[PDB]
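Descriptive analysis of the structure
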Amino acid sequence: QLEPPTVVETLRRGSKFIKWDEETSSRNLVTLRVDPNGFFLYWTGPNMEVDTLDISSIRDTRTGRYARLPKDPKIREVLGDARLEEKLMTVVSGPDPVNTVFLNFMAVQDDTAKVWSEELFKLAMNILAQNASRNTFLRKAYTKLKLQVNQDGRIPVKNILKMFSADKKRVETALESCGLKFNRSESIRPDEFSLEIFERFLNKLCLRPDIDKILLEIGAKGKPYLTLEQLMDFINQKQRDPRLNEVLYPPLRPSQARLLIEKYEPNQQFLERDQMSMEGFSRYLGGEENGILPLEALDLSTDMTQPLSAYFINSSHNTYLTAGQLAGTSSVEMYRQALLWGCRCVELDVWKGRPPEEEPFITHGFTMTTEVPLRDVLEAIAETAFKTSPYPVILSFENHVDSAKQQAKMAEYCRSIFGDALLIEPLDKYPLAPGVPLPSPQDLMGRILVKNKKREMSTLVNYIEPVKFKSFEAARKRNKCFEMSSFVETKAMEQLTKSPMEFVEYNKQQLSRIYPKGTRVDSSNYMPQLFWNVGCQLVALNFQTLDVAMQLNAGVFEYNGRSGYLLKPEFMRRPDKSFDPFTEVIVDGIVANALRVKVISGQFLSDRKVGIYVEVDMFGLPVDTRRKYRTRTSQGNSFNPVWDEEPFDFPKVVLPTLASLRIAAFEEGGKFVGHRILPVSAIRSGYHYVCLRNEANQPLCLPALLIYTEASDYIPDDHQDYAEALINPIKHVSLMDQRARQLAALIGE
Amino acid sequence: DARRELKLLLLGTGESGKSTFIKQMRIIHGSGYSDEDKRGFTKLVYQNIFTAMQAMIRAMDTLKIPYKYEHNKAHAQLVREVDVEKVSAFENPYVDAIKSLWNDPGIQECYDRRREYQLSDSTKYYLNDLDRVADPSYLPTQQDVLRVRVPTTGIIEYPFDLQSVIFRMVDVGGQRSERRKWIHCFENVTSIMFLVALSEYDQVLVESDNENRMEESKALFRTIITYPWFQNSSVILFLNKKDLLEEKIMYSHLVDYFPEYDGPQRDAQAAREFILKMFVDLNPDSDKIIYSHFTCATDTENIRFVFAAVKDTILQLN
Ligand SMILES: Nc1nc2c(ncn2[C@@H]2O[C@H](COP(=O)(O)OP(=O)(O)O)[C@@H](O)[C@H]2O)c(=O)[nH]1
Ligand SMILES: O=P(O)(O)O[C@@H]1[C@H](O)[C@H](O)[C@@H](OP(=O)(O)O)[C@H](OP(=O)(O)O)[C@H]1O
Ligand code: ALF
Ligand SMILES: [Ca+2]
Ligand SMILES: [Mg+2]
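Residues numbered from 1 in each chain as written, not as in the entry; some residues may be left out. Chains lettered and ligands numbered in written order. Heavy atoms only, no water.

The interface is formed by 32 residues belonging to chain A together with 35 residues belonging to chain B. Interface of chain A and chain B: buried area, both sides summed, is about 3100 Å²; carbon and sulfur atoms make up 59% of it. On the surface where chain A and chain B come into contact, there are 4 salt bridges. Put simply, chain A and chain B have 17 residue pairs in polar contact between them. Looking at the side of chain A that touches chain B, the elements that each hand over two or more residues are α24 (720-727) and α25 (729-742) of chain A. Here the element with the most residues in the side of chain A that touches chain B is α24(A); it accounts for 5 residues. Of the residues that constitute the side of chain A that touches chain B, the class distribution is 19 nonpolar, 5 polar and 8 charged. (Contact = heavy atoms within 4.5 Å. Buried area = accessible area lost by both parts, 1.4 Å probe. Salt bridge = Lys/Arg side-chain N within 4 Å of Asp/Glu carboxyl O. Polar contact = N/O pair within 3.5 Å; in protein donor to acceptor, adjacent residues only side chain to side chain. Helix = DSSP H or I, 4+ residues; strand = E, 2+ residues; numbered from the N terminus. Nonpolar A, V, L, I, M, F, W, Y, C, P; charged D, E, K, R; others polar.)

Below, the structure is given as structure tokens:
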């Protein structure tokens, strides 16, 4: 029961907070609200000007102890130990883990902050909200305009010009045709600015010759109307994923298609006759039913009962570092930001504390980097570990504390700060013996697992004992799943090209952690796919650097309800099976696929007239991995570019479960607009909007692409005729028996 | 240590036994089902019961059947609003609702015409024995696990360590869309094992409401045996569901659906053999002996007798 985002009445009518500030010390009494749909946290502050926070950009909400406390005593004089801190709320939001702003509020009322904080989080981490339909993102823009009003409550035109700043002369002529005001100096009554009128403004603003083309294509030569059955046949034939069963995933019945007309078609003359128009069709294309993905994919609908080594695990390398390796800040916040974002393996380079306090602290190998005390980092993990995922968090230590007094202290710090979660002895079902598998994620829900070297910190270790890797032969000789080994990028690459299959077999039982080479001094990332191809679970990356590599990582781990664990393919888990990760031809037992991504158009992609191009790359096994496709750069148009392009083919995806399609838009020059990672095994077929996302996988609002995908099961060239007969044997055999019966008289005898 | 491994294919149209047969392998040859493994099926049995009842409830509208007893309209509305996907318990009011519905002559007359819509072939098995299932401490029997229905998709392999040889049997989906995927299990195939529901002779496919299920199975078998991958492969043909034939053949006549039938009505043995004949006889593009067997995949002893023979035929030819 994955429910859609609901805004409780407390947040609709609102509550009175005083928005205070660490820096400028600005005390402002405000009324926090949330709009009905749960898009924006907003509040009126200075004189009468409305501020909005985009909930999709919220990374965390903190209350009580975890709320940031006012250091300045001048502010704290205006405010006022326990019950004082009970009514604090800190909202954290930002486009990436590093660049985050804090918005501290304090409620006047008692135990009020805890309702807001918890509900803001529920909305901020809601899945349907992040994977909203195209129409919903359009309705989110409508809301923003209707929210941010001048001091006298009206919607100023100059914000409608800011939102659609590409071709302002077009936005003016768009607004005049609706009957709205079109001068930059004047404003519009919220009264007069209906959603239906905003919906018409969008239409007249951006012509859809692509959607006109698609309507002709389907059938309607008399184009302004469309029958119910036509829509049904289009939906069943073109918009249906053909890899799916007709019983488990039935086709559309006409009664179901009727409900789609009623849901979308505005015209009551069409609706009464069970017909649809361009308007209703265009509404459906970007509808709640016609997503690029099915919910299952996004939902936590993966088996979690398999052993821990059978999953790709979201992992961080030197989590504490915020920018560089050699010189840069060491932040405790990054642990918060990592775990909140679904990371399940965070690293801690603990070091020997100085002689004044003798407190263990964390920093990079005696480099030009700042420090943070260990005690604090553990408290930050305790807070955020299972805030976004109930599944285990492995603590990748790198202990440089050879003092016994601090070793027993940091073990206590682990015991006292985590408590019940911290796994200290092995479970009853899975002893630390030979021939025993690792426990499942299910079995270790809400458990912190330390990964530290051995021979007080060692006795905490149990299921993740690191060992110095000798060979895949030596590992097989022992047959101990509780043991594991880390591998620096280049050494992992060595085992990859030389012993790829023995690596997979190793990873079927035991764990391999992988981190970037030491020479990546500017926190550069390596392609994690390279080692997911050999089953490596803990492919550690630098979360501070959002290049293509991290974009992928963040993108793929979204799926399975942001659990952090993704189930490996069947043949990379089962002991009895085997295959070559470098195979250039289809494997028997594994249903290969073929993909046909075609970029049609895109809307509101940039805020200034510029050419735009779109890349279509795939990431999987090396045979699947093809990343050179690119559309021609549009002719200085950003509102509604329409690429008359050849389809991008991916004729043979050998292992589609491992394969991941990446669709990204760029400005002419190369500036990043937005991207999307789509799991190939789940992607739908036909025309769908691909609502773009930023580099940290946050949903952007207006930039969206239209694409046409075809994703069916693979059929070789020679075996095309044979396949057709399996799918429809009556036809073939019927002809053969007819031919023979036509030869009846002629044979005789 | 050094055992040879042979690879068999379970092919057939949808809902013919493939998966059931695999369970029988798991029972007889495989690890079997512990009481732990049986509790996994409890949800599935509950869902079956709903699905089956919801199918009959829609069929009362479709086929225009009145509910004999008035109060069942209320029960009918209760059960039809349930989303079967979210079912994980069989408590009241649903237990009494469905029991009350199953008791209604109108619902019974709808069952008598299950040919005219898509209803499972373990529906009566479950819906008669509701008291044992409604029980709050209920653990499904081995036969309850065999009778349960879970549509298959893709390509699943199940190895079985029999004393002399290991059988990598590959269960597949039978529906039309699924048959496109079959090619990715066609390499190095010792034997094809084709299953056919003897009971489906008067039924039309799910994926096609105007085409006969046996006509499709027949046609599919004739095609599949004459493929390059199966030159050096034996072809065991399981004609399954013999029990349902014996049951059905009393009222539904094979003459009415296959007009080139010459034997008498209400004779099960004559009809099963005609169907065997239909599949293997007069095949110009086939020259391989076909080892047919009349199976009932929900009868552990029948399958234990049957497969142990098929083993001795396969190993002989290899
Ligand atoms: N009465 C009866 N039912 C059977 C027999 N074989 C299979 N079934 C049932 O028919 C349904 C379909 O079986 P299944 O193995 O799922 O078919 P598949 O899709 O070909 O794997 C299940 O509910 C089985 O219990 C049989 O010999 N007799
Ligand atoms: O972060 P950097 O600067 O690349 O430093 C390495 C990295 O932290 C590894 O994770 C760590 O191994 P662990 O996986 O054991 O922490 C290794 O120590 P080691 O070689 O002594 O194991 C370090 O050299
Ligand atoms: F209908 Al099937 F396996 F062929 F469930
Ligand atoms: Ca480190
Ligand atoms: Mg099946």
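A word on the coordination of the calcium ion (ligand 4). Residue and element names in this part refer to chain A. Distances from the calcium ion (ligand 4) to its protein donors, namely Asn318 (OD1), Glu347 (OE), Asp349 (OD), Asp349 (OD) and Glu398 (OE), fall within the range 2.3 Å. Along the chain, the residues donating to the calcium ion (ligand 4) are arranged with the sequence spacing N-x28-E-x1-D-x48-E. Highlighted residues: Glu347 in strand β12 (residues 345-348) and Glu398 in the loop between β17 (393-397) and α18 (404-418), separated in sequence by 51 residues. Its relative accessible area of 5% is what places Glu347 among the buried residues. Assessed through its relative accessible area of 30%, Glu398 is described here as partly exposed. (Donors = N, O, S within 2.8 Å, 3.2 Å for Na, K, Ca; no water. Buried < 20%, exposed > 50% of the residue type's maximum accessible area, 1.4 Å probe, protein only.)

Quick look at the pattern of salt bridges now. Residues and elements named next belong to chain A. All chains considered together, the criterion is met by 65 salt bridges over all chains. Between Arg189 and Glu192 there is a salt bridge, with the nearest N and O atoms lying 3.2 Å from each other. Classification of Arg189 by relative accessible area gives partly exposed; the value is 39%. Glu192 sits in the partly exposed class, given a relative accessible area of 39%. The shortest N-O distance in the salt bridge between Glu494 and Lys498 comes to 3.3 Å. Taken together, the positions of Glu494 and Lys498, both in helix α20 (residues 489-498) and 4 residues apart, correspond to about one turn of that helix. We classify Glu494 as partly exposed; its relative accessible area is 37%.

Another point: helix α3 (residues 42-62) of chain B. All names here are of chain B. In this model, α3 (21 residues) spans 30 Å end to end at C-alpha, consistent with the 30 Å of a helix rising 1.5 Å per residue. Burial within α3 is extensive, with 15 of its 21 residues counted as buried. Just downstream of α3, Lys64 is the residue with a positive phi angle, here 60°. (Expected span 1.5 Å × (residues − 1).)

All names here are of chain B. Among the 19 residues in the neighbourhood of ligand 1, the closest are listed as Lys18, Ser19, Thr20, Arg149 and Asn240. The separation between an oxygen atom of ligand 1 and a polar side-chain atom of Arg149 is 2.7 Å. A distance of 3.5 Å is found between an oxygen atom of ligand 1 and a backbone nitrogen or oxygen belonging to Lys241. Relative to its unbound accessible area of 580 Å², ligand 1 is 97% covered by the protein chains. Put simply, the parts of the chain that give the shell around ligand 1 at least two residues each are α1 (18-28), α9 (142-147) and α12 (242-248). When residues in the shell around ligand 1 are grouped by element, the largest group, 3 residues, is from α1. Of the residues that constitute the shell around ligand 1, the class distribution is 5 nonpolar, 7 polar and 7 charged. Here the shell around ligand 1 gathers at least three residues from each of two domains, domain 1 (1-33 + 152-318) and domain 2 (34-151). (Near = heavy atom within 4 Å. Areas by Shrake-Rupley, 256 points an atom, 1.4 Å probe, with all protein chains shown as cover. Domains from an automatic or database assignment.)

The axes of two packed helices give the description: the angle between them and the distance between them. Residues and elements named next belong to chain A. Between helix α6 (residues 134-147) and helix α9 (residues 195-205), the least distance of the axes is 11 Å, while the angle of their chain directions is 115°. The hand of the α6/α9 crossing is right-handed. In this structure, α6 uses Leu138, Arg139, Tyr142 and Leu145 to contact α9, whose residues at the interface are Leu195, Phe198 and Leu202. Looking at the contact of α6 with α9, its residues break down into 6 nonpolar, no polar and 1 charged. (Axes fitted to C-alpha atoms, helices over the stretch in contact; angles between N-to-C directions. Left-handed = near helix turned anticlockwise from the far one by under 90°.)

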